[PDB]
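What follows is the content of query.csv, which has CSV, C-alpha atoms and all ligand atoms:
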chain,number,residue,atom,x,y,z
P,1,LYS,CA,0.0,0.0,0.0
P,2,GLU,CA,1.1,3.6,-0.8
P,3,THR,CA,1.9,5.5,2.4
P,4,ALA,CA,0.9,9.1,2.9
P,5,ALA,CA,4.6,10.1,2.6
P,6,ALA,CA,4.9,8.2,-0.7
P,7,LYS,CA,1.8,9.8,-2.1
P,8,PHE,CA,3.2,13.2,-1.3
P,9,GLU,CA,6.3,12.3,-3.2
P,10,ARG,CA,4.3,11.0,-6.2
P,11,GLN,CA,2.0,14.0,-6.3
P,12,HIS,CA,4.4,16.8,-5.5
P,13,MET,CA,8.1,15.8,-5.9
P,14,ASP,CA,10.1,16.3,-9.1
P,15,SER,CA,13.7,16.7,-8.3
P,16,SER,CA,14.9,15.7,-11.8
P,17,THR,CA,14.0,19.0,-13.4
P,18,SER,CA,15.3,22.3,-12.2
P,19,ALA,CA,12.2,24.2,-13.3
P,20,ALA,CA,9.0,23.9,-15.5
P,21,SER,CA,10.8,22.3,-18.4
P,22,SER,CA,8.3,22.9,-21.2
P,23,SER,CA,4.8,24.5,-21.8
P,24,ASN,CA,3.5,20.9,-21.8
P,25,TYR,CA,5.3,19.9,-18.5
P,26,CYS,CA,2.0,19.8,-16.5
P,27,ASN,CA,0.1,17.9,-19.2
P,28,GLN,CA,2.7,15.1,-19.1
P,29,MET,CA,3.3,15.1,-15.3
P,30,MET,CA,-0.3,15.3,-14.2
P,31,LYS,CA,-0.9,12.2,-16.3
P,32,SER,CA,2.3,10.2,-15.5
P,33,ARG,CA,1.9,10.9,-11.8
P,34,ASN,CA,-1.6,9.5,-12.1
P,35,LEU,CA,-3.3,12.8,-11.1
P,36,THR,CA,-5.8,12.5,-14.0
P,37,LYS,CA,-6.8,8.9,-13.5
P,38,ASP,CA,-10.4,9.2,-12.1
P,39,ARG,CA,-10.7,12.9,-13.1
P,40,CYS,CA,-8.7,16.0,-13.8
P,41,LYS,CA,-7.2,17.2,-10.6
P,42,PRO,CA,-8.0,20.9,-10.6
P,43,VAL,CA,-4.6,22.2,-9.4
P,44,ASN,CA,-1.3,20.7,-8.3
P,45,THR,CA,2.2,21.8,-7.5
P,46,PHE,CA,5.5,20.0,-8.1
P,47,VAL,CA,8.7,20.9,-6.2
P,48,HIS,CA,12.1,20.9,-7.9
P,49,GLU,CA,14.4,20.5,-4.9
P,50,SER,CA,16.0,17.4,-3.3
P,51,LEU,CA,13.8,15.2,-1.2
P,52,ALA,CA,16.0,15.9,1.8
P,53,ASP,CA,15.4,19.7,1.4
P,54,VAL,CA,11.7,19.3,1.2
P,55,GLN,CA,11.5,16.9,4.1
P,56,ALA,CA,13.6,19.4,6.1
P,57,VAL,CA,10.7,21.8,5.9
P,58,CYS,CA,8.9,19.8,8.5
P,59,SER,CA,11.3,21.3,11.1
P,60,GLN,CA,11.2,24.9,9.7
P,61,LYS,CA,8.6,27.7,10.1
P,62,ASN,CA,5.4,26.4,11.8
P,63,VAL,CA,2.4,28.1,10.3
P,64,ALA,CA,-1.4,27.5,10.4
P,65,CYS,CA,-2.7,25.2,7.8
P,66,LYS,CA,-5.5,26.3,5.4
P,67,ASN,CA,-7.8,23.8,7.1
P,68,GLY,CA,-7.1,25.2,10.6
P,69,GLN,CA,-4.7,22.5,11.7
P,70,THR,CA,-1.4,23.5,13.2
P,71,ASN,CA,0.9,21.0,11.5
P,72,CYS,CA,2.0,23.1,8.5
P,73,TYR,CA,5.4,24.4,7.9
P,74,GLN,CA,6.8,27.1,5.6
P,75,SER,CA,10.3,26.8,4.0
P,76,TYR,CA,12.7,29.4,5.1
P,77,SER,CA,14.2,29.5,1.6
P,78,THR,CA,12.3,29.9,-1.6
P,79,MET,CA,12.2,26.8,-3.8
P,80,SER,CA,11.8,26.0,-7.4
P,81,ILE,CA,8.3,24.9,-8.1
P,82,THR,CA,5.8,24.4,-10.9
P,83,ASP,CA,2.1,25.1,-10.6
P,84,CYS,CA,-0.3,23.2,-12.7
P,85,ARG,CA,-3.8,24.7,-13.3
P,86,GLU,CA,-6.4,23.0,-15.4
P,87,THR,CA,-7.4,25.0,-18.5
P,88,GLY,CA,-11.0,26.0,-19.1
P,89,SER,CA,-11.0,23.9,-22.3
P,90,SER,CA,-9.8,20.8,-20.5
P,91,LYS,CA,-12.2,17.9,-20.6
P,92,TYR,CA,-11.6,14.6,-18.9
P,93,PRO,CA,-10.0,12.2,-19.8
P,94,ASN,CA,-8.0,14.7,-22.0
P,95,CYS,CA,-6.9,16.8,-19.0
P,96,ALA,CA,-5.2,20.0,-20.1
P,97,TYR,CA,-3.0,22.2,-17.9
P,98,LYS,CA,-1.2,25.6,-17.9
P,99,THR,CA,2.4,25.2,-16.7
P,100,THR,CA,3.8,28.0,-14.5
P,101,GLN,CA,7.3,28.0,-13.1
P,102,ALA,CA,8.1,30.0,-10.0
P,103,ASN,CA,10.3,30.5,-7.0
P,104,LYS,CA,8.4,30.7,-3.7
P,105,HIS,CA,8.3,29.4,-0.2
P,106,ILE,CA,6.3,26.2,0.1
P,107,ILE,CA,4.0,25.3,2.9
P,108,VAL,CA,3.5,21.6,3.6
P,109,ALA,CA,1.6,19.6,6.3
P,110,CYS,CA,3.7,17.1,8.1
P,111,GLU,CA,2.7,14.0,10.1
P,112,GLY,CA,4.0,10.7,11.5
P,113,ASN,CA,7.3,9.3,12.7
P,114,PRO,CA,9.5,10.1,10.9
P,115,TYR,CA,7.8,13.5,10.8
P,116,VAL,CA,7.5,14.0,7.0
P,117,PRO,CA,5.5,15.9,4.4
P,118,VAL,CA,2.1,14.4,3.6
P,119,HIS,CA,0.2,17.3,2.0
P,120,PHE,CA,1.1,20.4,0.0
P,121,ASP,CA,-0.8,23.3,1.5
P,122,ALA,CA,0.3,26.4,-0.4
P,123,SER,CA,3.2,28.5,-1.8
P,124,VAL,CA,3.9,32.1,-0.9
P,201,RU,RU,10.4,35.3,1.0
Would you write out, as structure tokens, the structure that this file holds?
Amino acid sequence: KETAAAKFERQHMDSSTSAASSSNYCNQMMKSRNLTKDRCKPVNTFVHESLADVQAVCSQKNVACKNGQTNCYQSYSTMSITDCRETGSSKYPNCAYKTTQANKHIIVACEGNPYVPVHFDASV
């Protein structure tokens, strides 16, 4: 079974690329990472930093989660990320996305032991 930690890595980690490679990055990634299996996931973010760096965020700046929980953390340093947003013309199963590269602080929710990232809350 896929753990919460593994799911976070599948849905949000992409250390291979340094930034939003091409304009079709999201179209390929959202599909390959199985985010368009049962439907077109509305929005999703991929982080282009090492796994260690992202996991380290769980010990960085503690901030409130969007859902009101207190287990969210903001990276002290900005990180290379790619935001994927479904286009208005997108129609399942042919999910279409707009790829946007950026450098911002990420906010992730952490849980468990080891205390690791399990949800991507936001970027600021
Ligand atoms: Ru800043």
**Message:** Just want the residues within 7 Å of ligand RU 201 (chain P), written as number ranges by chain, counting only C-alpha atoms and all ligand atoms.
**Reply:** P: 77-78, 104-105
Cut-off 10 Å around (-5.4, 14.0, -14.7) with all atoms listed in the file: residues as an mmCIF file with C-alpha atoms, in the coordinates of the input:
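Result went into selection_22.cif, see below:
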data_model
loop_
_atom_site.group_PDB
_atom_site.id
_atom_site.type_symbol
_atom_site.label_atom_id
_atom_site.label_comp_id
_atom_site.auth_asym_id
_atom_site.auth_seq_id
_atom_site.Cartn_x
_atom_site.Cartn_y
_atom_site.Cartn_z
ATOM 1 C CA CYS P 26 2.000 19.800 -16.500
ATOM 2 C CA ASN P 27 0.100 17.900 -19.200
ATOM 3 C CA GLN P 28 2.700 15.100 -19.100
ATOM 4 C CA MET P 29 3.300 15.100 -15.300
ATOM 5 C CA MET P 30 -0.300 15.300 -14.200
ATOM 6 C CA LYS P 31 -0.900 12.200 -16.300
ATOM 7 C CA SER P 32 2.300 10.200 -15.500
ATOM 8 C CA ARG P 33 1.900 10.900 -11.800
ATOM 9 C CA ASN P 34 -1.600 9.500 -12.100
ATOM 10 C CA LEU P 35 -3.300 12.800 -11.100
ATOM 11 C CA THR P 36 -5.800 12.500 -14.000
ATOM 12 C CA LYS P 37 -6.800 8.900 -13.500
ATOM 13 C CA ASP P 38 -10.400 9.200 -12.100
ATOM 14 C CA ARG P 39 -10.700 12.900 -13.100
ATOM 15 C CA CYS P 40 -8.700 16.000 -13.800
ATOM 16 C CA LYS P 41 -7.200 17.200 -10.600
ATOM 17 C CA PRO P 42 -8.000 20.900 -10.600
ATOM 18 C CA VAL P 43 -4.600 22.200 -9.400
ATOM 19 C CA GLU P 86 -6.400 23.000 -15.400
ATOM 20 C CA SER P 90 -9.800 20.800 -20.500
ATOM 21 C CA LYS P 91 -12.200 17.900 -20.600
ATOM 22 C CA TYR P 92 -11.600 14.600 -18.900
ATOM 23 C CA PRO P 93 -10.000 12.200 -19.800
ATOM 24 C CA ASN P 94 -8.000 14.700 -22.000
ATOM 25 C CA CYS P 95 -6.900 16.800 -19.000
ATOM 26 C CA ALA P 96 -5.200 20.000 -20.100
ATOM 27 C CA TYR P 97 -3.000 22.200 -17.900
#
**Fill in**
The residue from P:107, P:63, P:81, P:118 with the smallest atom-to-atom distance to residue 14 (chain P), counting only C-alpha atoms, is P:81
**Item:** Proximity to residue 18 (chain P) - best of P:74, P:123, P:50, P:99, all atoms listed in the file
**Value:**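 Checking each of P:74, P:123, P:50, P:99 against residue 18 (chain P), counting all atoms listed in the file, the winner is P:50.
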**Prompt:** CA of residue 61 (chain P) to CA of residue 106 (chain P): how many Å, to one decimal?
**Reply:**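 Pair CA of residue 61 (chain P) / CA of residue 106 (chain P) returns 10.4 Å.
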**Message:** Report, in Å with one decimal, the straight-line distance from CA of residue 47 (chain P) to CA of residue 100 (chain P).
**Reply:** 12.0 Å
Taking a cut-off of 12 Å and counting only C-alpha atoms, can you build a table that, for each residue of region 48-92 of chain P near region 2-12 of chain P, reports the nearest atom pair and how far apart they are in Å (one decimal), sorted by chain then residue number, as a Markdown table?
| residue | atom | partner | partner_atom | distance |
| --- | --- | --- | --- | --- |
| P:48 | CA | P:12 | CA | 9.0 |
| P:49 | CA | P:12 | CA | 10.7 |
| P:50 | CA | P:9 | CA | 11.0 |
| P:51 | CA | P:9 | CA | 8.3 |
| P:52 | CA | P:9 | CA | 11.5 |
| P:54 | CA | P:9 | CA | 9.9 |
| P:55 | CA | P:5 | CA | 9.8 |
| P:80 | CA | P:12 | CA | 12.0 |
| P:81 | CA | P:12 | CA | 9.4 |
| P:82 | CA | P:12 | CA | 9.4 |
| P:83 | CA | P:12 | CA | 10.0 |
| P:84 | CA | P:12 | CA | 10.7 |
**Request:** Would you please work out which residue, of P:108, P:21, P:58, P:15, is nearest to residue 121 (chain P) when using only C-alpha atoms?
**Result:**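 Among the listed residues, the smallest separation from residue 121 (chain P) belongs to P:108.
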**Length of the CA of residue 60 (chain P) to CA of residue 45 (chain P) vector [Å]** =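 Result for CA of residue 60 (chain P) versus CA of residue 45 (chain P): 19.7 Å, one decimal.
Each of P:111, P:116, P:85, P:17 was checked against residue 56 (chain P) using only C-alpha atoms; the smallest atom-to-atom distance is that of P:116.
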**Request:** Considering all atoms listed in the file, state which residue in the set P:76, P:102, P:69, P:62 is at the smallest distance from residue 19 (chain P).
**Result:** P:102
Could you rebuild region 57-73 of chain P with N, CA, C and O atoms and give me the result as a compact mmCIF listing (two decimals), in the frame of the given file?
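Listed below is the output, part.txt:
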# COMPACT_ATOMS: atom_id res chain seq x y z
N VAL P 57 11.67 20.79 5.59
CA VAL P 57 10.70 21.80 5.90
C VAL P 57 9.83 21.52 7.07
O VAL P 57 9.31 22.42 7.73
N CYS P 58 9.71 20.23 7.40
CA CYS P 58 8.90 19.80 8.50
C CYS P 58 9.48 20.30 9.88
O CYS P 58 8.83 20.16 10.92
N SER P 59 10.69 20.84 9.85
CA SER P 59 11.30 21.30 11.10
C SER P 59 11.61 22.83 10.93
O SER P 59 12.34 23.41 11.73
N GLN P 60 11.01 23.45 9.92
CA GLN P 60 11.20 24.90 9.70
C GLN P 60 10.09 25.76 10.27
O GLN P 60 9.66 25.52 11.39
N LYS P 61 9.63 26.78 9.55
CA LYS P 61 8.60 27.70 10.10
C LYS P 61 7.20 27.14 10.29
O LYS P 61 6.50 26.92 9.31
N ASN P 62 6.78 26.94 11.54
CA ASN P 62 5.40 26.40 11.80
C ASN P 62 4.40 27.51 11.56
O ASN P 62 4.47 28.61 12.12
N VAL P 63 3.45 27.19 10.69
CA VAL P 63 2.40 28.10 10.30
C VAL P 63 1.04 27.38 10.33
O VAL P 63 1.01 26.15 10.22
N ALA P 64 -0.05 28.12 10.43
CA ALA P 64 -1.40 27.50 10.40
C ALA P 64 -1.69 26.93 9.05
O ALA P 64 -1.35 27.53 8.03
N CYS P 65 -2.33 25.76 9.02
CA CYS P 65 -2.70 25.20 7.80
C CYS P 65 -4.02 25.82 7.30
O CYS P 65 -4.77 26.34 8.11
N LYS P 66 -4.29 25.76 6.00
CA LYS P 66 -5.50 26.30 5.40
C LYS P 66 -6.75 25.76 6.09
O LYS P 66 -7.76 26.44 6.23
N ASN P 67 -6.68 24.49 6.51
CA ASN P 67 -7.80 23.80 7.10
C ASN P 67 -7.92 24.10 8.63
O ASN P 67 -8.79 23.55 9.30
N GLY P 68 -7.04 24.94 9.16
CA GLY P 68 -7.10 25.20 10.60
C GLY P 68 -6.20 24.37 11.46
O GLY P 68 -6.05 24.63 12.66
N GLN P 69 -5.63 23.32 10.89
CA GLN P 69 -4.70 22.50 11.70
C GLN P 69 -3.45 23.25 11.92
O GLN P 69 -3.20 24.27 11.28
N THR P 70 -2.64 22.77 12.85
CA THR P 70 -1.40 23.50 13.20
C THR P 70 -0.13 22.78 12.71
O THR P 70 0.97 23.26 12.99
N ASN P 71 -0.27 21.70 11.96
CA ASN P 71 0.90 21.00 11.50
C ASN P 71 1.44 21.34 10.12
O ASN P 71 1.85 20.48 9.35
N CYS P 72 1.43 22.64 9.81
CA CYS P 72 2.00 23.10 8.50
C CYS P 72 3.26 23.84 8.76
O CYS P 72 3.48 24.41 9.82
N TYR P 73 4.14 23.79 7.76
CA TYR P 73 5.40 24.40 7.90
C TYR P 73 5.84 25.09 6.57
O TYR P 73 5.64 24.55 5.48
